[PDB]
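Trainee: Next comes the structure file work-v5.cif, holding mmCIF, C-alpha atoms.
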data_coords
loop_
_atom_site.group_PDB
_atom_site.id
_atom_site.type_symbol
_atom_site.label_atom_id
_atom_site.label_comp_id
_atom_site.auth_asym_id
_atom_site.auth_seq_id
_atom_site.Cartn_x
_atom_site.Cartn_y
_atom_site.Cartn_z
ATOM 1 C CA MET A 1 -28.378 -20.378 91.518
ATOM 2 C CA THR A 2 -30.385 -23.543 90.866
ATOM 3 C CA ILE A 3 -31.341 -24.464 87.313
ATOM 4 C CA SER A 4 -34.265 -26.384 88.788
ATOM 5 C CA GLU A 5 -36.188 -23.138 89.319
ATOM 6 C CA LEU A 6 -34.774 -21.524 86.176
ATOM 7 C CA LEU A 7 -36.074 -24.405 84.063
ATOM 8 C CA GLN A 8 -39.551 -24.156 85.588
ATOM 9 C CA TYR A 9 -39.446 -20.416 84.923
ATOM 10 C CA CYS A 10 -38.741 -21.209 81.262
ATOM 11 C CA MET A 11 -41.952 -23.243 81.255
ATOM 12 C CA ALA A 12 -43.761 -20.114 82.421
ATOM 13 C CA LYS A 13 -42.975 -18.564 79.053
ATOM 14 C CA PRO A 14 -46.047 -18.974 76.787
ATOM 15 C CA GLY A 15 -45.196 -21.092 73.768
ATOM 16 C CA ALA A 16 -42.085 -22.816 75.074
ATOM 17 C CA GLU A 17 -41.976 -26.611 75.273
ATOM 18 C CA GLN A 18 -39.162 -28.945 76.327
ATOM 19 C CA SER A 19 -37.549 -30.994 73.594
ATOM 20 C CA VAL A 20 -35.151 -33.494 75.132
ATOM 21 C CA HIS A 21 -32.495 -35.021 72.909
ATOM 22 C CA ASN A 22 -31.933 -38.520 74.276
ATOM 23 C CA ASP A 23 -28.149 -38.770 74.202
ATOM 24 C CA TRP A 24 -26.779 -36.803 77.123
ATOM 25 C CA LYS A 25 -30.242 -35.355 77.806
ATOM 26 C CA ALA A 26 -29.610 -32.019 76.132
ATOM 27 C CA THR A 27 -32.868 -30.121 76.545
ATOM 28 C CA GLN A 28 -33.870 -27.799 73.717
ATOM 29 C CA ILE A 29 -36.257 -25.011 74.675
ATOM 30 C CA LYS A 30 -38.149 -24.032 71.554
ATOM 31 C CA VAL A 31 -41.541 -23.473 69.981
ATOM 32 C CA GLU A 32 -43.006 -25.367 66.988
ATOM 33 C CA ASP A 33 -39.638 -25.385 65.169
ATOM 34 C CA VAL A 34 -37.850 -22.224 66.311
ATOM 35 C CA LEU A 35 -34.974 -22.964 68.679
ATOM 36 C CA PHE A 36 -33.622 -19.963 70.566
ATOM 37 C CA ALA A 37 -31.909 -21.615 73.547
ATOM 38 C CA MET A 38 -31.026 -25.104 74.775
ATOM 39 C CA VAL A 39 -29.698 -26.244 78.146
ATOM 40 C CA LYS A 40 -27.089 -29.000 78.475
ATOM 41 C CA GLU A 41 -25.037 -29.873 81.543
ATOM 42 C CA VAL A 42 -21.420 -30.535 80.637
ATOM 43 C CA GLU A 43 -18.732 -31.334 83.240
ATOM 44 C CA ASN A 44 -21.881 -31.891 85.328
ATOM 45 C CA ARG A 45 -22.028 -28.094 85.282
ATOM 46 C CA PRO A 46 -25.083 -26.235 83.901
ATOM 47 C CA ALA A 47 -24.530 -24.633 80.498
ATOM 48 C CA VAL A 48 -27.029 -23.054 78.126
ATOM 49 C CA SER A 49 -26.558 -22.489 74.408
ATOM 50 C CA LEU A 50 -28.401 -19.577 72.837
ATOM 51 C CA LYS A 51 -28.747 -18.846 69.135
ATOM 52 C CA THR A 52 -27.040 -15.809 67.552
ATOM 53 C CA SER A 53 -27.925 -12.920 69.858
ATOM 54 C CA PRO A 54 -26.714 -9.269 69.793
ATOM 55 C CA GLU A 55 -25.778 -8.887 73.476
ATOM 56 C CA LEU A 56 -24.526 -12.473 73.710
ATOM 57 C CA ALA A 57 -22.144 -11.893 70.817
ATOM 58 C CA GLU A 58 -21.309 -8.462 72.244
ATOM 59 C CA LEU A 59 -20.264 -10.121 75.484
ATOM 60 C CA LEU A 60 -17.595 -11.983 73.488
ATOM 61 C CA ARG A 61 -16.232 -8.766 71.957
ATOM 62 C CA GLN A 62 -16.275 -6.605 75.073
ATOM 63 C CA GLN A 63 -15.510 -9.146 77.800
ATOM 64 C CA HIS A 64 -13.205 -12.150 77.561
ATOM 65 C CA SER A 65 -12.329 -15.371 79.403
ATOM 66 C CA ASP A 66 -14.051 -16.400 82.669
ATOM 67 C CA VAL A 67 -17.305 -17.848 81.310
ATOM 68 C CA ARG A 68 -15.461 -18.991 78.171
ATOM 69 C CA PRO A 69 -17.610 -18.974 75.014
ATOM 70 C CA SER A 70 -16.264 -22.174 73.509
ATOM 71 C CA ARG A 71 -16.752 -24.319 70.416
ATOM 72 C CA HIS A 72 -18.448 -27.427 71.801
ATOM 73 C CA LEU A 73 -21.360 -26.990 69.420
ATOM 74 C CA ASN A 74 -20.833 -23.805 67.417
ATOM 75 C CA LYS A 75 -19.152 -20.650 68.713
ATOM 76 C CA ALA A 76 -20.151 -18.185 65.983
ATOM 77 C CA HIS A 77 -23.641 -19.447 65.151
ATOM 78 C CA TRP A 78 -24.461 -20.284 68.762
ATOM 79 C CA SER A 79 -23.305 -19.073 72.158
ATOM 80 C CA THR A 80 -22.752 -21.314 75.147
ATOM 81 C CA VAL A 81 -22.962 -19.694 78.557
ATOM 82 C CA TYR A 82 -21.432 -21.757 81.342
ATOM 83 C CA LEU A 83 -23.999 -21.244 84.080
ATOM 84 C CA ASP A 84 -21.869 -23.462 86.347
ATOM 85 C CA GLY A 85 -23.793 -22.703 89.516
ATOM 86 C CA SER A 86 -21.697 -19.839 90.843
ATOM 87 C CA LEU A 87 -23.238 -17.488 88.272
ATOM 88 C CA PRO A 88 -25.792 -14.990 89.677
ATOM 89 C CA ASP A 89 -29.479 -15.509 88.924
ATOM 90 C CA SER A 90 -29.794 -11.784 88.171
ATOM 91 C CA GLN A 91 -27.951 -12.111 84.858
ATOM 92 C CA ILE A 92 -29.426 -15.492 83.934
ATOM 93 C CA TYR A 93 -33.078 -14.366 84.060
ATOM 94 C CA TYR A 94 -32.302 -11.479 81.717
ATOM 95 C CA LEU A 95 -30.551 -13.794 79.257
ATOM 96 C CA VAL A 96 -33.570 -16.104 79.116
ATOM 97 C CA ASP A 97 -36.017 -13.333 78.205
ATOM 98 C CA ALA A 98 -33.449 -11.896 75.800
ATOM 99 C CA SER A 99 -33.513 -15.051 73.682
ATOM 100 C CA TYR A 100 -37.244 -15.501 74.333
ATOM 101 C CA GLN A 101 -37.983 -12.018 72.980
ATOM 102 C CA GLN A 102 -36.014 -12.867 69.830
ATOM 103 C CA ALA A 103 -38.035 -16.041 69.281
ATOM 104 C CA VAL A 104 -41.299 -14.102 69.316
ATOM 105 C CA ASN A 105 -39.889 -11.611 66.798
ATOM 106 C CA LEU A 106 -38.798 -14.473 64.543
ATOM 107 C CA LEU A 107 -42.307 -15.929 64.519
ATOM 108 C CA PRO A 108 -44.660 -15.209 61.577
ATOM 109 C CA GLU A 109 -48.008 -13.440 61.960
ATOM 110 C CA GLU A 110 -49.930 -16.671 62.582
ATOM 111 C CA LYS A 111 -47.626 -17.723 65.401
ATOM 112 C CA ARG A 112 -47.365 -14.344 67.119
ATOM 113 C CA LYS A 113 -51.158 -13.901 67.181
ATOM 114 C CA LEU A 114 -51.418 -17.062 69.265
ATOM 115 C CA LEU A 115 -48.827 -16.105 71.884
ATOM 116 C CA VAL A 116 -50.517 -12.728 72.392
ATOM 117 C CA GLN A 117 -53.596 -14.554 73.674
ATOM 118 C CA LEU A 118 -51.617 -16.490 76.285
#
Render the structure in this file as structure tokens.
Mentor:
Amino acid sequence: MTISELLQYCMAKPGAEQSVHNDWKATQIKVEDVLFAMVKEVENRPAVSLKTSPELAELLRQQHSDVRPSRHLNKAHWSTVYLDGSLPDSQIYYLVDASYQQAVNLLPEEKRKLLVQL
């Protein structure tokens, strides 16, 4: 699937802004200072790195190889999913909201109250 639409869909999540790191244009999707997922194309192939997530870490225990959770940034504290392009959109959308849900839970009272209005 195309990351072009996926990225725009990430902007449809209330509270998420794009923080671009001007090196290889790694784009961090986060709120005020809570980073849950960041997208970075390596090998010219789409790849997103999520923060420590239950199902994402579970994927590494239960399933192996193929997508290859690798240590380009941090393999145990982060998880890098090679989106590649040949990966189905069905799974990707779920992963986005998975990390997004976590971010909201990790936000204090003040922060959460705001997102509820949006």
Trainee: I need the output of the PyMOL selection byres ((chain A and resi 18) around 12) for this file as a PyMOL selection string; which residues are they?
Mentor: chain A and resi 7-8+10-13+15-17+19-21+25-33+35+37-39
Trainee: May I ask which of the residues A:107, A:42, A:87, A:76 is the closest one to residue 58 in chain A, counting all atoms listed in the file?
Mentor: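 That would be A:76, the residue with the smallest distance to residue 58 in chain A.
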Trainee: In Å to one decimal, how far is CA of residue 97 in chain A from CA of residue 48 in chain A?
Mentor: 13.2 Å
Trainee: For this file, the PyMOL selection byres ((chain A and resi 75) around 12) selects which residues, as a ChimeraX atom specification?
Mentor: /A:49-53,56-57,60,68-74,76-81
Trainee: Can you give me, as a PDB file with C-alpha atoms, in the coordinates of the input, the residues this file yields under the PyMOL selection byres ((chain A and resi 92) around 10)?
Mentor:
ATOM      1  CA  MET A   1     -28.378 -20.378  91.518  1.00  0.00           C
ATOM      2  CA  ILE A   3     -31.341 -24.464  87.313  1.00  0.00           C
ATOM      3  CA  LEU A   6     -34.774 -21.524  86.176  1.00  0.00           C
ATOM      4  CA  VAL A  48     -27.029 -23.054  78.126  1.00  0.00           C
ATOM      5  CA  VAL A  81     -22.962 -19.694  78.557  1.00  0.00           C
ATOM      6  CA  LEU A  83     -23.999 -21.244  84.080  1.00  0.00           C
ATOM      7  CA  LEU A  87     -23.238 -17.488  88.272  1.00  0.00           C
ATOM      8  CA  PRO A  88     -25.792 -14.990  89.677  1.00  0.00           C
ATOM      9  CA  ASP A  89     -29.479 -15.509  88.924  1.00  0.00           C
ATOM     10  CA  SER A  90     -29.794 -11.784  88.171  1.00  0.00           C
ATOM     11  CA  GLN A  91     -27.951 -12.111  84.858  1.00  0.00           C
ATOM     12  CA  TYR A  93     -33.078 -14.366  84.060  1.00  0.00           C
ATOM     13  CA  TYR A  94     -32.302 -11.479  81.717  1.00  0.00           C
ATOM     14  CA  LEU A  95     -30.551 -13.794  79.257  1.00  0.00           C
ATOM     15  CA  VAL A  96     -33.570 -16.104  79.116  1.00  0.00           C
ATOM     16  CA  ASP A  97     -36.017 -13.333  78.205  1.00  0.00           C
ATOM     17  CA  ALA A  98     -33.449 -11.896  75.800  1.00  0.00           C
TER      18      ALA A  98
END
Trainee: Within 7 Å of residue 103 in chain A, counting all atoms listed in the file, which residues qualify if same-chain residues fewer than 4 places away don't, as a list in words?
Mentor: residues 34, 36, 99 and 107 of chain A
Trainee: Have a look at CA of residue 41 in chain A and CA of residue 84 in chain A and let me know their distance in Å, one decimal.
Mentor: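 A separation of 8.6 Å between them.
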Trainee: Will you model N, CA and C atoms for range 68-102 of chain A and pass it back as an mmCIF file, in the coordinates of the input?
Mentor:
data_model
loop_
_atom_site.group_PDB
_atom_site.id
_atom_site.type_symbol
_atom_site.label_atom_id
_atom_site.label_comp_id
_atom_site.auth_asym_id
_atom_site.auth_seq_id
_atom_site.Cartn_x
_atom_site.Cartn_y
_atom_site.Cartn_z
ATOM 1 N N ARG A 68 -16.023 -18.251 79.303
ATOM 2 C CA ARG A 68 -15.461 -18.991 78.171
ATOM 3 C C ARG A 68 -16.525 -19.431 77.163
ATOM 4 N N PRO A 69 -16.827 -18.575 76.180
ATOM 5 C CA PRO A 69 -17.610 -18.974 75.014
ATOM 6 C C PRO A 69 -16.781 -19.896 74.128
ATOM 7 N N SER A 70 -17.112 -21.175 74.136
ATOM 8 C CA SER A 70 -16.264 -22.174 73.509
ATOM 9 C C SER A 70 -16.970 -22.871 72.351
ATOM 10 N N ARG A 71 -16.209 -23.631 71.575
ATOM 11 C CA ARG A 71 -16.752 -24.319 70.416
ATOM 12 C C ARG A 71 -17.000 -25.789 70.743
ATOM 13 N N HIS A 72 -18.028 -26.052 71.536
ATOM 14 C CA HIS A 72 -18.448 -27.427 71.801
ATOM 15 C C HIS A 72 -19.564 -27.811 70.843
ATOM 16 N N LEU A 73 -20.316 -26.807 70.416
ATOM 17 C CA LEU A 73 -21.360 -26.990 69.420
ATOM 18 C C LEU A 73 -21.073 -26.096 68.219
ATOM 19 N N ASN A 74 -21.143 -24.791 68.444
ATOM 20 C CA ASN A 74 -20.833 -23.805 67.417
ATOM 21 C C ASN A 74 -20.673 -22.444 68.086
ATOM 22 N N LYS A 75 -19.498 -21.844 67.944
ATOM 23 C CA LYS A 75 -19.152 -20.650 68.713
ATOM 24 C C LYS A 75 -19.634 -19.363 68.038
ATOM 25 N N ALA A 76 -19.768 -19.387 66.719
ATOM 26 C CA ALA A 76 -20.151 -18.185 65.983
ATOM 27 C C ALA A 76 -21.640 -18.174 65.653
ATOM 28 N N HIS A 77 -22.220 -19.352 65.472
ATOM 29 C CA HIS A 77 -23.641 -19.447 65.151
ATOM 30 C C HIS A 77 -24.469 -19.631 66.416
ATOM 31 N N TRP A 78 -23.821 -20.114 67.467
ATOM 32 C CA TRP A 78 -24.461 -20.284 68.762
ATOM 33 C C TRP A 78 -23.573 -19.679 69.840
ATOM 34 N N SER A 79 -24.100 -19.540 71.037
ATOM 35 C CA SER A 79 -23.305 -19.073 72.158
ATOM 36 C C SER A 79 -23.615 -19.903 73.391
ATOM 37 N N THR A 80 -22.583 -20.461 73.987
ATOM 38 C CA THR A 80 -22.752 -21.314 75.147
ATOM 39 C C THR A 80 -22.298 -20.599 76.411
ATOM 40 N N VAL A 81 -23.247 -20.343 77.292
ATOM 41 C CA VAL A 81 -22.962 -19.694 78.557
ATOM 42 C C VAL A 81 -22.842 -20.739 79.656
ATOM 43 N N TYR A 82 -21.651 -20.861 80.219
ATOM 44 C CA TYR A 82 -21.432 -21.757 81.342
ATOM 45 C C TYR A 82 -22.082 -21.187 82.592
ATOM 46 N N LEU A 83 -23.263 -21.697 82.912
ATOM 47 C CA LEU A 83 -23.999 -21.244 84.080
ATOM 48 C C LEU A 83 -23.276 -21.688 85.342
ATOM 49 N N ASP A 84 -22.754 -22.921 85.304
ATOM 50 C CA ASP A 84 -21.869 -23.462 86.347
ATOM 51 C C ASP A 84 -22.588 -23.697 87.678
ATOM 52 N N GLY A 85 -23.179 -22.646 88.213
ATOM 53 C CA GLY A 85 -23.793 -22.703 89.516
ATOM 54 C C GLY A 85 -23.422 -21.488 90.337
ATOM 55 N N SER A 86 -22.201 -21.006 90.131
ATOM 56 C CA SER A 86 -21.697 -19.839 90.843
ATOM 57 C C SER A 86 -22.103 -18.540 90.142
ATOM 58 N N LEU A 87 -22.763 -18.659 88.998
ATOM 59 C CA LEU A 87 -23.238 -17.488 88.272
ATOM 60 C C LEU A 87 -24.533 -16.963 88.892
ATOM 61 N N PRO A 88 -24.638 -15.631 89.045
ATOM 62 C CA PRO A 88 -25.792 -14.990 89.677
ATOM 63 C C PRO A 88 -27.072 -15.146 88.862
ATOM 64 N N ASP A 89 -28.179 -15.338 89.562
ATOM 65 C CA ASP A 89 -29.479 -15.509 88.924
ATOM 66 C C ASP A 89 -29.899 -14.235 88.197
ATOM 67 N N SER A 90 -29.450 -13.093 88.717
ATOM 68 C CA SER A 90 -29.794 -11.784 88.171
ATOM 69 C C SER A 90 -29.536 -11.715 86.665
ATOM 70 N N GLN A 91 -28.353 -12.157 86.258
ATOM 71 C CA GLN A 91 -27.951 -12.111 84.858
ATOM 72 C C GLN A 91 -28.693 -13.168 84.042
ATOM 73 N N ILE A 92 -28.846 -14.349 84.630
ATOM 74 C CA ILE A 92 -29.426 -15.492 83.934
ATOM 75 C C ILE A 92 -30.866 -15.226 83.494
ATOM 76 N N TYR A 93 -31.679 -14.655 84.384
ATOM 77 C CA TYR A 93 -33.078 -14.366 84.060
ATOM 78 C C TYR A 93 -33.177 -13.446 82.849
ATOM 79 N N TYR A 94 -32.299 -12.451 82.802
ATOM 80 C CA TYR A 94 -32.302 -11.479 81.717
ATOM 81 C C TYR A 94 -31.936 -12.145 80.393
ATOM 82 N N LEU A 95 -31.000 -13.086 80.451
ATOM 83 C CA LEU A 95 -30.551 -13.794 79.257
ATOM 84 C C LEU A 95 -31.677 -14.638 78.668
ATOM 85 N N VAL A 96 -32.461 -15.261 79.543
ATOM 86 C CA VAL A 96 -33.570 -16.104 79.116
ATOM 87 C C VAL A 96 -34.587 -15.295 78.311
ATOM 88 N N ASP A 97 -35.036 -14.181 78.877
ATOM 89 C CA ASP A 97 -36.017 -13.333 78.205
ATOM 90 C C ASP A 97 -35.436 -12.689 76.958
ATOM 91 N N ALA A 98 -34.127 -12.462 76.960
ATOM 92 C CA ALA A 98 -33.449 -11.896 75.800
ATOM 93 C C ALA A 98 -33.635 -12.793 74.583
ATOM 94 N N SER A 99 -33.352 -14.081 74.755
ATOM 95 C CA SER A 99 -33.513 -15.051 73.682
ATOM 96 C C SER A 99 -34.992 -15.316 73.398
ATOM 97 N N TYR A 100 -35.804 -15.283 74.452
ATOM 98 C CA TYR A 100 -37.244 -15.501 74.333
ATOM 99 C C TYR A 100 -37.891 -14.401 73.491
ATOM 100 N N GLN A 101 -37.485 -13.161 73.735
ATOM 101 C CA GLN A 101 -37.983 -12.018 72.980
ATOM 102 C C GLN A 101 -37.677 -12.207 71.494
ATOM 103 N N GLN A 102 -36.450 -12.639 71.205
ATOM 104 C CA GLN A 102 -36.014 -12.867 69.830
ATOM 105 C C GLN A 102 -36.907 -13.885 69.134
#
